[PDB]
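Novice: Return a 3D structure for these sequence lines:
(3 chains, ligands or ions: 14)
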Amino acid sequence: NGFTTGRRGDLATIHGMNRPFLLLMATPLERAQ
Amino acid sequence: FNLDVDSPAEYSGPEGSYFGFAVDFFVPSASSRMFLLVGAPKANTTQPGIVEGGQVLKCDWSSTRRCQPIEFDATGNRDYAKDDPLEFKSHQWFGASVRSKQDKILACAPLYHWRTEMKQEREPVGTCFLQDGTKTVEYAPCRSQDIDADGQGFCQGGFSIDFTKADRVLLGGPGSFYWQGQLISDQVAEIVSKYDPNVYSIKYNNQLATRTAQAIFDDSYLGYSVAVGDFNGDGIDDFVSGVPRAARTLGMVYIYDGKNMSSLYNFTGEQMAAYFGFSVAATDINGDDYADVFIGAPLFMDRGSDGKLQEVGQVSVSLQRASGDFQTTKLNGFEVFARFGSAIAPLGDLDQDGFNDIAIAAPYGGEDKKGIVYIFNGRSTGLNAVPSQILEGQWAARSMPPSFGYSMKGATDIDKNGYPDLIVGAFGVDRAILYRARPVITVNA
Amino acid sequence: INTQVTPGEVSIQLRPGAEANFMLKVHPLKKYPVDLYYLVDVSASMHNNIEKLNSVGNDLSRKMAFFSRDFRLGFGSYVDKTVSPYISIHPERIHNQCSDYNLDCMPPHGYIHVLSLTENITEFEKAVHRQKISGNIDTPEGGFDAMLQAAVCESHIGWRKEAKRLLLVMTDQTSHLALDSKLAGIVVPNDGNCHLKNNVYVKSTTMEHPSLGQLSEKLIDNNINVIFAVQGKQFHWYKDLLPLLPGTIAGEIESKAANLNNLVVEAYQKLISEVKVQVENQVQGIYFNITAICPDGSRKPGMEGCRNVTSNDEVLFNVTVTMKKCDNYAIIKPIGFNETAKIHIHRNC
Ligand SMILES: *[C@@H]1O[C@H](CO)[C@@H](O[C@@H]2O[C@H](CO)[C@@H](O[C@@H]3O[C@H](CO[C@H]4O[C@H](CO)[C@@H](O)[C@H](O)[C@@H]4O)[C@@H](O)[C@H](O[C@H]4O[C@H](CO)[C@@H](O)[C@H](O)[C@@H]4O[C@H]4O[C@H](CO)[C@@H](O)[C@H](O)[C@@H]4O)[C@@H]3O)[C@H](O)[C@H]2NC(C)=O)[C@H](O)[C@H]1NC(C)=O
Ligand SMILES: *[C@@H]1O[C@H](CO)[C@@H](O[C@@H]2O[C@H](CO)[C@@H](O)[C@H](O)[C@H]2NC(C)=O)[C@H](O)[C@H]1NC(C)=O
Ligand SMILES: *[C@@H]1O[C@H](CO)[C@@H](O[C@@H]2O[C@H](CO)[C@@H](O)[C@H](O)[C@H]2NC(C)=O)[C@H](O)[C@H]1NC(C)=O
Ligand SMILES: *[C@@H]1O[C@H](CO)[C@@H](O[C@@H]2O[C@H](CO)[C@@H](O)[C@H](O)[C@H]2NC(C)=O)[C@H](O)[C@H]1NC(C)=O
Ligand SMILES: *[C@@H]1O[C@H](CO)[C@@H](O[C@@H]2O[C@H](CO)[C@@H](O)[C@H](O)[C@H]2NC(C)=O)[C@H](O)[C@H]1NC(C)=O
Ligand SMILES: *[C@@H]1O[C@H](CO)[C@@H](O)[C@H](O)[C@H]1NC(C)=O
Ligand SMILES: *[C@@H]1O[C@H](CO)[C@@H](O)[C@H](O)[C@H]1NC(C)=O
Ligand SMILES: *[C@@H]1O[C@H](CO)[C@@H](O)[C@H](O)[C@H]1NC(C)=O
Ligand SMILES: [Ca+2]
Ligand SMILES: [Ca+2]
Ligand SMILES: [Ca+2]
Ligand SMILES: [Ca+2]
Ligand SMILES: [Ca+2]
Ligand SMILES: [Mg+2]
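Specialist: Residues are numbered from 1 along each chain as shown, chains lettered A, B, ... in the order given. Ligands and ions are numbered 1, 2, ... in the order given. Take a look:
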């Protein structure tokens, strides 16, 4: 997803979601030690 | 003023088949007989497994009104694999555009969906069948290897067609490149000689076409209507097409050089949402040997006396001059909501004076909205802005409005009385009508 | 009987070549019961803005507690005509145009009426909260056909004759025109009736869109005050059409869309601070001449009338009826108002 041909028209916005992304899991800054 | 409304030659097709959506004349000089040509985009056919294909019924004038459908095609859907149809001919609106040279017939289908080769899809590319005497061919330059909504997948090729005087076919696809539009020109001398009944994407050596533009031009609808005529003195006809949603729905009209498809002149509308370029017809209305442009804007809203707006329509007349300029004049409709300027067709010389003539139709005008056609006469100055004759439809609306005046044709004498004639199609009641131009005598008291 | 437009009726006799006159006074009232309807575009492009409809429930009703005696709201959605080439006709895509992106998009629909006008704001919030988006292919979208359907169907939507009918059309793109339907085989002009059978627009797929003139006539006939709320650059497109559409307002929605309640309330104030008239004359030879007398005394031509009106402020229209040729009546009405003056012109030849 997100790599098929350049979609213009009404589908242009929808084309961008489910794009390959990152899932970050880190500790909060306020709970280090 | 000489067209005879006392004895109109009648015609009729099947009920509910849109008989008369497109009309023309057939004059094969070899056989020296005269035939009409009427399209029925909603007609049923003999094709197996196809419902509502479309028919182009060839109707005769010489006292026999027998309309025999031209067998442009008889088969059904060709297939890619087992139970994998390649094309979908059902509801294809075949015959919505009929154009005839002396010995050729070109009827196109704009709503012909097909299963693209790469993946199972339904792309309305459209196709055309060019019958040249005995040989019959298929013409479909918008179904290619590079198609999608991005490409010319939605081309709807064959929405508008015309013949150049130099044996070329000008084809207009409104929907390609996300509805920017496209024009395609190609010569018949190559359409016939390049047709393998087992090949779909055919490359034509001497084809001319217009390419992709920036994304701000979407929904322009270039090719919504085409016409031809010489406009830069070379002698070769030049491609005039109407793009009725350009410039924030103002409407524009483009003129392309007929030798290399290079832009020459532009027009532009003056009101938003007026459909400037809906109809285009290039004739020679003042008799100065220079072709003159006509442009239709059926939805133009015009200020009333009190200030209230009225949607009456407008036709723009633009007289070509020898230096590259255009002397433009406006011309407004007569009844509100009548869509004056829907159809424009040159008439030749309807009264044989020396200046060609023209006729403009208001399909939804008239009493009880049956339809009205107006007849204009040229002069040495230009068009004469008061219509000499008013042609009115005689048919009531059965389910939908009769739409008398949606399509019309002229400039060919079928009686051979010396004067050109006119056929009109009131497709909302599945009828076509032929009118005859009476000879004109000059009494010098 | 009439309270805001006086006189409500006039009987006059004229003879050819003569001119008469009278005075027509329009006094706007203090507070108006307001009926607002959200004709919302729910196409795929409008997906980021449907979620911003959950704030307009109570906030706006608080903003409009002083400008109105009571308040009502409604909902409704449109995308486009459901035929090729506007939607895809693939059997997988025909009922969910988003399927190639794994979305739970709702099946496309010409226009669906959702919630008839109600004073229960919790109902409006509930109706809005459960709403999904749809999709199609073309860049423009069929908004004008939905506008006509919402304007004409009266007892379905639930308009009040005693109210100040308002109609908000939330979109972000240009709309389809009348003759754009020829690409889809729709060559039947719109008839101007409305065809909601089960709160779904049945005839979206058989007759084409309305034109600007027909849309404007249907809007002004039903006393509808349209407030466009466009978001992208197409606000300018919706703005340049205002001269062609009397009695319509266009606001701009910023990217943050925090300016929606303010958009509605400022548009309503600008709407209530204006008076203008037109005449629907269907008699032969009689020409009406109307010059408006503003509270600042300006001699405006009346067709756009006097602006910047408030209450405690009566606006007077100077009329001049002519009698040019012989062979009914004419009704002169302030656009947006609920009362009309019926000039029962007698003619004797
Ligand atoms: C009648 O009316 C029509 C329509 O209004 C008009 O046609 C339009 O013509 C113009 C000009 O020919 C077209 O606009 C572009 O023209 C440039 C020409 O390049 C030179 O001129 C520009 C002017 O500023 C300079 O900036 C440029 O550096 C050059 O000096 C073309 O290069 C354009 O092609 C672009 O599109 C191609 C396909 O997408 C690209 O492959 C190409 O590289 C160009 O891309 C550019 O723009 C992209 C935008 O995103 C950008 O990403 C790229 O990086 C690059 O910058 C283009 O042709 C316009 O498209 C025409 N419109 C239509 C509908 O045909 C007629 O000229 C007019 N005729 C008369 C007689 O009035
Ligand atoms: C062409 O023939 C077909 C049938 O072969 C007709 O299809 C009819 O369509 C209507 C509505 O779509 C149905 O109610 C009928 O049941 C269909 N007919 C049959 C026999 O099933 C179609 O109407 C015909 N076209 C024209 C223009 O007459
Ligand atoms: C206004 O509408 C809300 C719903 O949007 C109504 O609240 C519901 O009331 C019923 C009882 O009749 C409960 O079963 C529901 O759970 C309530 N829903 C919510 C979301 O609270 C409310 O009753 C309506 N107002 C009036 C006066 O009836
Ligand atoms: C136009 O609106 C006014 C006020 O918005 C309406 O006047 C009300 O009429 C109802 C009965 O129709 C009365 O019960 C109210 O007391 C009136 N209110 C005021 C403030 O006068 C008027 O009826 C409306 N006219 C039409 C034709 O609908
Ligand atoms: C309202 O319009 C009438 C005309 O219908 C005006 O009457 C004219 O007033 C001028 C000013 O003295 C006279 O010269 C004319 O003879 C009057 N009659 C006509 C037919 O012009 C009247 O003055 C206007 N009132 C206002 C306040 O503008
Ligand atoms: C097309 O042909 C005309 C004919 O003279 C010429 O003027 C024009 O420059 C040509 N355009 C291109 C792109 O070759
Ligand atoms: C209307 O009145 C103005 C001045 O009050 C005048 O100039 C105009 O000619 C009049 N028009 C008609 C149609 O009476
Ligand atoms: C509108 O009315 C208010 C109050 O009467 C006044 O302050 C303001 O100046 C007026 N606007 C114009 C443009 O005169
Ligand atoms: Ca040329
Ligand atoms: Ca000329
Ligand atoms: Ca002549
Ligand atoms: Ca003849
Ligand atoms: Ca759309
Ligand atoms: Mg959209």
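
Novice: Pull up the gap between the closest residue to ligand 7 within the stretch 201-349 of chain C and residue C:26, please.
Specialist: Closest residue of the stretch 201-349 of chain C to ligand 7, Cβ to the nearest ligand atom: residue C:289 (3.7 Å). For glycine as for every other residue, the C-beta is placed from the backbone atoms N, C-alpha and C. Here residue C:289 is placed at a distance of 17 Å from residue C:26 (Cβ to Cβ, to the nearest Å).

Novice: higher neighbour count, these two?
Specialist: Comparing residue C:289 with residue C:26 by other Cβ atoms under 10 Å in any protein chain shown, the one with more neighbours is residue C:26, at 23 against 16.

Novice: which ones are touching residue B:427?
Specialist: Contacts for residue B:427 (Cβ atoms under 8 Å, 6 or more residues apart in numbering or on different chains) come out as B:18-21, B:403, B:406-407.

Novice: Export the residues you listed as TSV, with columns for distance to ligand 10, secondary structure and neighbour count.
Specialist: Formatted as TSV, the contacts of residue B:427 follow (distance: Cβ to the ion, whole Å; DSSP: H, G, I helix; E, B strand; the rest coil; neighbours: other Cβ atoms under 10 Å in any protein chain shown):
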residue	distance to ligand 10	secondary structure	neighbour count
B:18	35	coil	27
B:19	36	coil	30
B:20	31	coil	29
B:21	31	coil	27
B:403	31	coil	29
B:406	27	coil	25
B:407	25	strand	26
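
Novice: if we take those, which one ends up nearest to ligand 9?
Specialist: residue B:407 (26.9 Å; Cβ to the ion).

Novice: Correct me if wrong: residue C:183 contacts residue B:160.
Specialist: No: using Cβ atoms under 8 Å as the test, residue C:183 is too far from residue B:160 to be in contact (11.6 Å).

Novice: And what about residue C:204, helix, strand or coil?
Specialist: What DSSP: H, G, I helix; E, B strand; the rest coil gives for residue C:204 is helix.

Novice: quick one: it from residue C:87, how far?
Specialist: 11 Å.

Novice: Same question for residue B:418.
Specialist: In terms of Cβ to Cβ, residue B:418 sits 53 Å off from residue C:87.

Novice: Settle it for me: which of those two has more neighbours?
Specialist: Taking neighbours as other Cβ under 10 Å, residue B:418 and residue C:87 compare with residue C:87 leading, 24 against 11.

Novice: Skipping its backbone neighbours, what lies nearest residue B:339 in space?
Specialist: residue B:298 (4.0 Å; Cβ to Cβ, 6 or more residues apart in numbering or on different chains).

Novice: One more: residue C:34?
Specialist: residue C:68 (4.2 Å).

Novice: correct me, but the one you found touches residue C:32?
Specialist: Yes: in this structure, residue C:68 is within contact of residue C:32 by Cβ under 8 Å, at 5.9 Å.

Novice: tell me, what's touching the two both at once?
Specialist: residue C:164.

Novice: re earlier: need the overlap of contacts for residue C:183 and residue B:160.
Specialist: Contacts common to residue C:183 and residue B:160, judged by Cβ under 8 Å, 6+ apart, are residue B:174.

Novice: Between the two ends of stretch C:42-50, how far is it?
Specialist: Distance across stretch C:42-50, first residue to last, is 7 Å (Cα to Cα, to the nearest Å).

Novice: For that stretch, buried residues please.
Specialist: For stretch C:42-50, the neighbour count (16 or more other Cβ atoms under 10 Å in any protein chain shown) marks C:42-47, C:49-50 as buried.

Novice: The closest residue to ligand 4 within the stretch 201-349 of chain C in helix, strand or coil?
Specialist: Distances between the stretch 201-349 of chain C and ligand 4 by Cβ to the nearest ligand atom are smallest at residue C:338, namely 3.8 Å. When classified by three-state DSSP, residue C:338 comes out as coil.

Novice: same check, this time on residue B:436
Specialist: Three-state assignment for residue B:436 (three-state DSSP): strand.

Novice: I'd like to know how far the closest residue to ligand 9 within the stretch 1-150 of chain C sits from ligand 6.
Specialist: Nearest residue of the stretch 1-150 of chain C to ligand 9, counting by Cβ to the ion: residue C:85, 33.0 Å away. According to Cβ to the nearest ligand atom, to the nearest Å, residue C:85 and ligand 6 sit 32 Å apart.

Novice: same check, this time on residue B:340
Specialist: 36 Å.

Novice: That residue: what's its closest spatial neighbour, skipping adjacent residues?
Specialist: residue B:333 (2.7 Å).

Novice: what about the one you found, how many neighbours?
Specialist: Neighbour number of residue B:333 under other Cβ under 10 Å is 25.

Novice: and the closest residue to ligand 14 within the stretch 51-200 of chain B, what helix or strand is that in?
Specialist: The nearest approach of the stretch 51-200 of chain B to ligand 14 comes at residue B:178, 13.4 Å away (Cβ to the ion). According to DSSP states H and E, residue B:178 maps onto helix B:176-179.

Novice: hang on, the earlier thing: contacting residues for the residue nearest to residue B:340?
Specialist: B:300, B:302, B:312-314, B:339-341, B:362, B:365.

Novice: Quick check: phi and psi on whatever residue of chain A ends up closest to ligand 2?
Specialist: Going by Cβ to the nearest ligand atom, ligand 2 is nearest to residue A:10 of chain A, at 28.9 Å. Backbone torsions of residue A:10, given as degrees, to the nearest 10, read phi -70, psi -20.

Novice: that older thread, can you report how many residues neighbour the residue of the stretch 1-150 of chain C closest to ligand 9?
Specialist: 24.

Novice: now do residue B:57
Specialist: Neighbours around residue B:57, by other Cβ under 10 Å: 24.

Novice: Report the separation between it and chain C.
Specialist: 19 Å (Cβ to the nearest Cβ, to the nearest Å).

Novice: gap between that residue and residue B:255?
Specialist: 34 Å.

Novice: related to what we said a few turns ago, quick check: of the buried residues of stretch C:42-50, which lies closest to residue B:93?
Specialist: residue C:43 (26.9 Å; Cβ to Cβ).

Novice: that's a strand at the closest one, yeah?
Specialist: No: membership of residue C:43 in a strand is not supported by three-state DSSP, which gives coil.

Novice: List the contacts of it.
Specialist: A:10, C:79-80, C:133-136, C:141, C:173.

Novice: who wins for neighbours among these?
Specialist: residue C:79 (32 neighbours).

Novice: Contact partners for residue B:110?
Specialist: Here residue B:110 is in contact with B:93, B:96-97, B:124, B:126, B:156-159, C:183 (Cβ under 8 Å, 6+ apart).

Novice: Which of those fall within strands?
Specialist: B:97, B:124 (DSSP state E).

Novice: The contacts of residue B:110: which two are farthest apart?
Specialist: The widest separation within those (Cβ to Cβ) is 14.8 Å, between B:97 and B:124.

Novice: can you list the residues of the stretch 1-150 of chain C near ligand 4?
Specialist: Residues of the stretch 1-150 of chain C lying close to ligand 4 (Cβ under 6 Å from any ligand atom) are C:3, C:29, C:32-33.
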